$ cat data-v3.pdb   # PDB, C-alpha atoms
MODEL        1
ATOM      1  CA  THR A   9      18.583 -25.092   0.081  1.00  0.00           C
ATOM      2  CA  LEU A  10      18.040 -21.403   0.831  1.00  0.00           C
ATOM      3  CA  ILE A  11      21.733 -20.487   1.007  1.00  0.00           C
ATOM      4  CA  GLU A  12      22.337 -21.783  -2.521  1.00  0.00           C
ATOM      5  CA  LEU A  13      19.512 -19.639  -3.902  1.00  0.00           C
ATOM      6  CA  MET A  14      20.856 -16.630  -2.001  1.00  0.00           C
ATOM      7  CA  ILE A  15      24.301 -17.237  -3.516  1.00  0.00           C
ATOM      8  CA  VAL A  16      22.658 -17.424  -6.950  1.00  0.00           C
ATOM      9  CA  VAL A  17      20.894 -14.108  -6.298  1.00  0.00           C
ATOM     10  CA  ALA A  18      24.174 -12.544  -5.159  1.00  0.00           C
ATOM     11  CA  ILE A  19      25.917 -13.764  -8.319  1.00  0.00           C
ATOM     12  CA  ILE A  20      23.094 -12.339 -10.448  1.00  0.00           C
ATOM     13  CA  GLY A  21      23.428  -8.995  -8.680  1.00  0.00           C
ATOM     14  CA  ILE A  22      27.198  -9.025  -9.172  1.00  0.00           C
ATOM     15  CA  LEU A  23      26.849  -9.770 -12.886  1.00  0.00           C
ATOM     16  CA  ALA A  24      24.150  -7.134 -13.417  1.00  0.00           C
ATOM     17  CA  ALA A  25      26.348  -4.429 -11.830  1.00  0.00           C
ATOM     18  CA  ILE A  26      29.189  -4.704 -14.361  1.00  0.00           C
ATOM     19  CA  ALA A  27      30.864  -1.411 -15.233  1.00  0.00           C
ATOM     20  CA  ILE A  28      29.884  -0.163 -18.697  1.00  0.00           C
ATOM     21  CA  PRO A  29      32.588   1.825 -20.535  1.00  0.00           C
ATOM     22  CA  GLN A  30      31.649   5.079 -22.243  1.00  0.00           C
ATOM     23  CA  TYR A  31      31.062   3.557 -25.675  1.00  0.00           C
ATOM     24  CA  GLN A  32      29.972   6.977 -26.971  1.00  0.00           C
ATOM     25  CA  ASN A  33      33.638   7.847 -27.543  1.00  0.00           C
ATOM     26  CA  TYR A  34      34.223   4.990 -29.993  1.00  0.00           C
ATOM     27  CA  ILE A  35      31.090   5.673 -32.050  1.00  0.00           C
ATOM     28  CA  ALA A  36      31.736   9.420 -32.126  1.00  0.00           C
ATOM     29  CA  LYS A  37      35.363   8.953 -33.179  1.00  0.00           C
ATOM     30  CA  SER A  38      34.410   6.495 -35.928  1.00  0.00           C
ATOM     31  CA  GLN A  39      31.705   8.817 -37.273  1.00  0.00           C
ATOM     32  CA  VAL A  40      34.057  11.811 -37.219  1.00  0.00           C
ATOM     33  CA  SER A  41      36.730   9.797 -39.048  1.00  0.00           C
ATOM     34  CA  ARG A  42      34.205   8.701 -41.679  1.00  0.00           C
ATOM     35  CA  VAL A  43      33.107  12.308 -42.218  1.00  0.00           C
ATOM     36  CA  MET A  44      36.791  13.278 -42.373  1.00  0.00           C
ATOM     37  CA  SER A  45      37.408  10.822 -45.209  1.00  0.00           C
ATOM     38  CA  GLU A  46      34.189  11.733 -47.034  1.00  0.00           C
ATOM     39  CA  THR A  47      34.921  15.467 -46.951  1.00  0.00           C
ATOM     40  CA  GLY A  48      38.585  14.974 -47.837  1.00  0.00           C
ATOM     41  CA  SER A  49      37.604  13.012 -50.932  1.00  0.00           C
ATOM     42  CA  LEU A  50      36.293  16.294 -52.400  1.00  0.00           C
ATOM     43  CA  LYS A  51      39.698  17.987 -52.102  1.00  0.00           C
ATOM     44  CA  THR A  52      40.779  16.501 -55.438  1.00  0.00           C
ATOM     45  CA  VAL A  53      37.851  17.896 -57.424  1.00  0.00           C
ATOM     46  CA  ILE A  54      37.951  21.244 -55.607  1.00  0.00           C
ATOM     47  CA  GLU A  55      41.682  21.660 -56.270  1.00  0.00           C
ATOM     48  CA  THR A  56      41.311  20.679 -59.929  1.00  0.00           C
ATOM     49  CA  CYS A  57      38.462  23.172 -60.345  1.00  0.00           C
ATOM     50  CA  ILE A  58      40.480  25.949 -58.695  1.00  0.00           C
ATOM     51  CA  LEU A  59      43.606  25.247 -60.753  1.00  0.00           C
ATOM     52  CA  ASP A  60      41.515  25.035 -63.944  1.00  0.00           C
ATOM     53  CA  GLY A  61      40.031  28.499 -63.383  1.00  0.00           C
ATOM     54  CA  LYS A  62      36.406  27.352 -63.330  1.00  0.00           C
ATOM     55  CA  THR A  63      33.752  29.254 -61.404  1.00  0.00           C
ATOM     56  CA  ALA A  64      31.752  27.885 -58.478  1.00  0.00           C
ATOM     57  CA  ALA A  65      28.755  27.005 -60.656  1.00  0.00           C
ATOM     58  CA  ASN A  66      30.949  25.293 -63.275  1.00  0.00           C
ATOM     59  CA  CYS A  67      32.659  22.927 -60.806  1.00  0.00           C
ATOM     60  CA  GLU A  68      30.955  19.525 -60.967  1.00  0.00           C
ATOM     61  CA  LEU A  69      31.076  17.668 -57.657  1.00  0.00           C
ATOM     62  CA  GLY A  70      30.665  13.909 -57.700  1.00  0.00           C
ATOM     63  CA  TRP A  71      29.097  14.143 -54.259  1.00  0.00           C
ATOM     64  CA  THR A  72      26.705  11.454 -53.040  1.00  0.00           C
ATOM     65  CA  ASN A  73      24.466  12.070 -50.038  1.00  0.00           C
ATOM     66  CA  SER A  74      25.997  10.952 -46.739  1.00  0.00           C
ATOM     67  CA  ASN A  75      23.763   9.614 -43.977  1.00  0.00           C
ATOM     68  CA  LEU A  76      25.812  11.597 -41.428  1.00  0.00           C
ATOM     69  CA  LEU A  77      25.125  14.879 -43.320  1.00  0.00           C
ATOM     70  CA  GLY A  78      28.901  15.364 -43.467  1.00  0.00           C
TER      71      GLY A  78
ATOM     72  CA  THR B   9      29.244  -8.097 -23.026  1.00  0.00           C
ATOM     73  CA  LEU B  10      26.340  -7.937 -25.471  1.00  0.00           C
ATOM     74  CA  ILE B  11      26.589  -4.140 -25.568  1.00  0.00           C
ATOM     75  CA  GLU B  12      30.193  -4.412 -26.785  1.00  0.00           C
ATOM     76  CA  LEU B  13      29.199  -6.728 -29.637  1.00  0.00           C
ATOM     77  CA  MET B  14      26.323  -4.435 -30.599  1.00  0.00           C
ATOM     78  CA  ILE B  15      28.706  -1.460 -30.597  1.00  0.00           C
ATOM     79  CA  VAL B  16      30.961  -3.486 -32.906  1.00  0.00           C
ATOM     80  CA  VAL B  17      27.989  -4.200 -35.184  1.00  0.00           C
ATOM     81  CA  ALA B  18      27.064  -0.506 -35.205  1.00  0.00           C
ATOM     82  CA  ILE B  19      30.639   0.444 -36.116  1.00  0.00           C
ATOM     83  CA  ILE B  20      30.614  -2.100 -38.955  1.00  0.00           C
ATOM     84  CA  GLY B  21      27.338  -0.654 -40.219  1.00  0.00           C
ATOM     85  CA  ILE B  22      28.751   2.873 -40.036  1.00  0.00           C
ATOM     86  CA  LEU B  23      31.881   1.890 -41.963  1.00  0.00           C
ATOM     87  CA  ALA B  24      29.965  -0.042 -44.631  1.00  0.00           C
ATOM     88  CA  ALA B  25      27.727   2.986 -45.308  1.00  0.00           C
ATOM     89  CA  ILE B  26      30.568   5.296 -46.381  1.00  0.00           C
ATOM     90  CA  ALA B  27      29.661   7.647 -49.219  1.00  0.00           C
ATOM     91  CA  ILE B  28      31.275   6.648 -52.522  1.00  0.00           C
ATOM     92  CA  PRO B  29      32.056   9.592 -54.837  1.00  0.00           C
ATOM     93  CA  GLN B  30      31.289   9.279 -58.528  1.00  0.00           C
ATOM     94  CA  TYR B  31      34.616   7.885 -59.741  1.00  0.00           C
ATOM     95  CA  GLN B  32      33.196   7.620 -63.273  1.00  0.00           C
ATOM     96  CA  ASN B  33      34.071  11.290 -63.818  1.00  0.00           C
ATOM     97  CA  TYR B  34      37.793  10.754 -63.194  1.00  0.00           C
ATOM     98  CA  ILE B  35      38.061   7.712 -65.470  1.00  0.00           C
ATOM     99  CA  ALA B  36      36.048   9.375 -68.237  1.00  0.00           C
ATOM    100  CA  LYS B  37      38.139  12.553 -68.049  1.00  0.00           C
ATOM    101  CA  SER B  38      41.397  10.586 -68.161  1.00  0.00           C
ATOM    102  CA  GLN B  39      40.237   8.503 -71.132  1.00  0.00           C
ATOM    103  CA  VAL B  40      39.044  11.579 -73.034  1.00  0.00           C
ATOM    104  CA  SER B  41      42.346  13.355 -72.348  1.00  0.00           C
ATOM    105  CA  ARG B  42      44.311  10.338 -73.580  1.00  0.00           C
ATOM    106  CA  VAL B  43      42.227  10.164 -76.763  1.00  0.00           C
ATOM    107  CA  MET B  44      42.746  13.912 -77.194  1.00  0.00           C
ATOM    108  CA  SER B  45      46.520  13.478 -77.008  1.00  0.00           C
ATOM    109  CA  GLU B  46      46.603  10.490 -79.375  1.00  0.00           C
ATOM    110  CA  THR B  47      44.399  12.177 -81.982  1.00  0.00           C
ATOM    111  CA  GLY B  48      46.329  15.443 -81.716  1.00  0.00           C
ATOM    112  CA  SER B  49      49.546  13.541 -82.372  1.00  0.00           C
ATOM    113  CA  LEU B  50      48.310  13.005 -85.961  1.00  0.00           C
ATOM    114  CA  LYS B  51      48.003  16.749 -86.623  1.00  0.00           C
ATOM    115  CA  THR B  52      51.684  16.915 -87.580  1.00  0.00           C
ATOM    116  CA  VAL B  53      51.318  14.198 -90.225  1.00  0.00           C
ATOM    117  CA  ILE B  54      48.077  15.657 -91.582  1.00  0.00           C
ATOM    118  CA  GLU B  55      49.506  19.183 -91.800  1.00  0.00           C
ATOM    119  CA  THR B  56      52.691  17.950 -93.480  1.00  0.00           C
ATOM    120  CA  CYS B  57      50.675  15.953 -96.020  1.00  0.00           C
ATOM    121  CA  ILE B  58      48.383  18.898 -96.786  1.00  0.00           C
ATOM    122  CA  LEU B  59      51.243  21.384 -97.147  1.00  0.00           C
ATOM    123  CA  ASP B  60      53.185  18.908 -99.310  1.00  0.00           C
ATOM    124  CA  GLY B  61      50.240  18.467-101.681  1.00  0.00           C
ATOM    125  CA  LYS B  62      49.866  14.703-101.313  1.00  0.00           C
ATOM    126  CA  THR B  63      46.546  12.961-101.868  1.00  0.00           C
ATOM    127  CA  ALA B  64      44.616  11.090 -99.184  1.00  0.00           C
ATOM    128  CA  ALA B  65      45.935   7.698-100.310  1.00  0.00           C
ATOM    129  CA  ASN B  66      49.541   8.959-100.446  1.00  0.00           C
ATOM    130  CA  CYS B  67      49.547  10.307 -96.865  1.00  0.00           C
ATOM    131  CA  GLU B  68      51.346   7.648 -94.821  1.00  0.00           C
ATOM    132  CA  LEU B  69      49.964   7.712 -91.284  1.00  0.00           C
ATOM    133  CA  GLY B  70      52.233   6.519 -88.502  1.00  0.00           C
ATOM    134  CA  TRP B  71      49.123   5.517 -86.589  1.00  0.00           C
ATOM    135  CA  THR B  72      49.300   2.333 -84.527  1.00  0.00           C
ATOM    136  CA  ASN B  73      46.259   0.404 -83.346  1.00  0.00           C
ATOM    137  CA  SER B  74      45.143   1.682 -79.946  1.00  0.00           C
ATOM    138  CA  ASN B  75      42.977   0.364 -77.146  1.00  0.00           C
ATOM    139  CA  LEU B  76      39.881   2.460 -76.507  1.00  0.00           C
ATOM    140  CA  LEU B  77      38.987   3.260 -80.136  1.00  0.00           C
ATOM    141  CA  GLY B  78      40.942   6.452 -80.803  1.00  0.00           C
TER     142      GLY B  78
ENDMDL
END

$ encode --input "data-v3.pdb" --output "structure tokens"
Amino acid sequence: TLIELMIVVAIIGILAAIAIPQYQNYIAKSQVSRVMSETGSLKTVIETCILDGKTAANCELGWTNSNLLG
Amino acid sequence: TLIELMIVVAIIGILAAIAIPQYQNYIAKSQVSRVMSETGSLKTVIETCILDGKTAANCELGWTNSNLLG
């Protein structure tokens, strides 16, 4: 019957109009936290170099490239 | 809610791709420092033997077998 198909169309329209949360916040926060951890890992080597009296060129960083450029 | 699951998958991929610093440097430095300390501990015995006039076979080392290889 026509009314059943119209109800199906209405249900499809209702489902398609679901509110989408701003998922950008979660991804951005996770990426910033990952960069936070990655950059804070270098604090140990930087502090040891500074307290050892080494120059900038003599401080060996164990840095590996990060895909976030952080 | 497919977008939510794909955001979850993206977050998992972001977390799994964290940059790992070269931890080999820390372990190597610690092991070399420990070997330095253990080998320098024998300087007292060697100096005492030399200043006493003992031969190589008469110098009693207090050395104990060590992991690593000294």

$ interface_residues --input "data-v3.pdb" --of "chain B" --to "chain A" --cutoff "8 Å" --atoms "only C-alpha atoms" --output "list in words"
residues 15, 19, 22, 23, 25, 26, 27, 28, 29, 30, 31 and 33 of chain B

$ write_last_selection --input "data-v3.pdb" --atoms "C-alpha atoms" --output "CSV table (one decimal), keeping the file's coordinate frame"
chain,number,residue,atom,x,y,z
B,15,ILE,CA,28.7,-1.5,-30.6
B,19,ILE,CA,30.6,0.4,-36.1
B,22,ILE,CA,28.8,2.9,-40.0
B,23,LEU,CA,31.9,1.9,-42.0
B,25,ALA,CA,27.7,3.0,-45.3
B,26,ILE,CA,30.6,5.3,-46.4
B,27,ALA,CA,29.7,7.6,-49.2
B,28,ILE,CA,31.3,6.6,-52.5
B,29,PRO,CA,32.1,9.6,-54.8
B,30,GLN,CA,31.3,9.3,-58.5
B,31,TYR,CA,34.6,7.9,-59.7
B,33,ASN,CA,34.1,11.3,-63.8

$ atom_distance --input "data-v3.pdb" --atom1 "atom CA of residue B:10" --atom2 "atom CA of residue A:24"
12.3 Å

$ atom_distance --input "data-v3.pdb" --atom1 "atom CA of residue A:60" --atom2 "atom CA of residue A:44"
25.0 Å

$ atom_distance --input "data-v3.pdb" --atom1 "atom CA of residue B:13" --atom2 "atom CA of residue A:21"
21.9 Å

$ residues_around --input "data-v3.pdb" --residues "residue B:63" --least-positions-apart "6" --cutoff "12 Å" --atoms "all atoms listed in the file" --output "VMD selection string"
chain B and resid 54 56 to 57

$ axis_aligned_box --input "data-v3.pdb" --around "stretch 38-50 of chain B" --padding-each-side "5 Å" --output "lines of an AutoDock Vina configuration file"
center_x = 44.3
center_y = 12.0
center_z = -77.1
size_x = 20.5
size_y = 16.9
size_z = 27.8

$ decode --input "data-v3.pdb" --residues "stretch 26-78 of chain B" --atoms "C-alpha atoms" --output "mmCIF file, in the first residue's frame"
data_model
loop_
_atom_site.group_PDB
_atom_site.id
_atom_site.type_symbol
_atom_site.label_atom_id
_atom_site.label_comp_id
_atom_site.auth_asym_id
_atom_site.auth_seq_id
_atom_site.Cartn_x
_atom_site.Cartn_y
_atom_site.Cartn_z
ATOM 1 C CA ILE B 26 53.364 7.254 18.040
ATOM 2 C CA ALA B 27 57.036 8.059 17.519
ATOM 3 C CA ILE B 28 59.334 5.783 19.532
ATOM 4 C CA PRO B 29 62.609 7.434 20.625
ATOM 5 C CA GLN B 30 65.836 5.483 20.331
ATOM 6 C CA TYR B 31 65.902 3.862 23.773
ATOM 7 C CA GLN B 32 69.087 1.993 22.812
ATOM 8 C CA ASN B 33 71.101 5.081 23.779
ATOM 9 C CA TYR B 34 69.872 5.061 27.388
ATOM 10 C CA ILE B 35 70.507 1.344 27.918
ATOM 11 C CA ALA B 36 73.940 1.510 26.286
ATOM 12 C CA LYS B 37 74.941 4.542 28.362
ATOM 13 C CA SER B 38 73.783 2.892 31.592
ATOM 14 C CA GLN B 39 75.630 -0.346 30.802
ATOM 15 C CA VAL B 40 78.828 1.509 29.885
ATOM 16 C CA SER B 41 78.621 3.566 33.087
ATOM 17 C CA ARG B 42 78.142 0.416 35.169
ATOM 18 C CA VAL B 43 81.135 -1.251 33.505
ATOM 19 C CA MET B 44 83.125 1.941 34.105
ATOM 20 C CA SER B 45 82.323 1.821 37.821
ATOM 21 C CA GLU B 46 83.086 -1.897 38.180
ATOM 22 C CA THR B 47 86.409 -1.649 36.339
ATOM 23 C CA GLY B 48 87.400 1.488 38.246
ATOM 24 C CA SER B 49 86.758 -0.346 41.504
ATOM 25 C CA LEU B 50 89.851 -2.474 40.731
ATOM 26 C CA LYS B 51 92.140 0.571 40.541
ATOM 27 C CA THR B 52 92.632 0.478 44.315
ATOM 28 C CA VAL B 53 93.814 -3.143 44.265
ATOM 29 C CA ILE B 54 96.049 -2.598 41.236
ATOM 30 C CA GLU B 55 97.644 0.534 42.709
ATOM 31 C CA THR B 56 98.212 -1.156 46.072
ATOM 32 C CA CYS B 57 99.816 -4.167 44.379
ATOM 33 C CA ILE B 58 102.075 -1.982 42.226
ATOM 34 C CA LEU B 59 103.166 0.226 45.129
ATOM 35 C CA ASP B 60 103.757 -2.852 47.310
ATOM 36 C CA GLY B 61 106.011 -4.441 44.688
ATOM 37 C CA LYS B 62 104.053 -7.667 44.239
ATOM 38 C CA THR B 63 104.161 -9.637 41.002
ATOM 39 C CA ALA B 64 101.172 -10.221 38.732
ATOM 40 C CA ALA B 65 100.507 -13.691 40.156
ATOM 41 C CA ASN B 66 100.766 -12.444 43.760
ATOM 42 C CA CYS B 67 98.186 -9.652 43.322
ATOM 43 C CA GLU B 68 94.977 -11.041 44.825
ATOM 44 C CA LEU B 69 92.028 -9.487 43.005
ATOM 45 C CA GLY B 70 88.760 -9.213 44.892
ATOM 46 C CA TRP B 71 86.981 -9.417 41.556
ATOM 47 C CA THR B 72 83.712 -11.348 41.444
ATOM 48 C CA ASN B 73 82.163 -12.704 38.262
ATOM 49 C CA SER B 74 79.844 -10.110 36.733
ATOM 50 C CA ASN B 75 77.025 -10.159 34.218
ATOM 51 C CA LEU B 76 77.755 -8.152 31.083
ATOM 52 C CA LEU B 77 81.437 -9.085 30.664
ATOM 53 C CA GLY B 78 83.221 -6.425 32.714
#
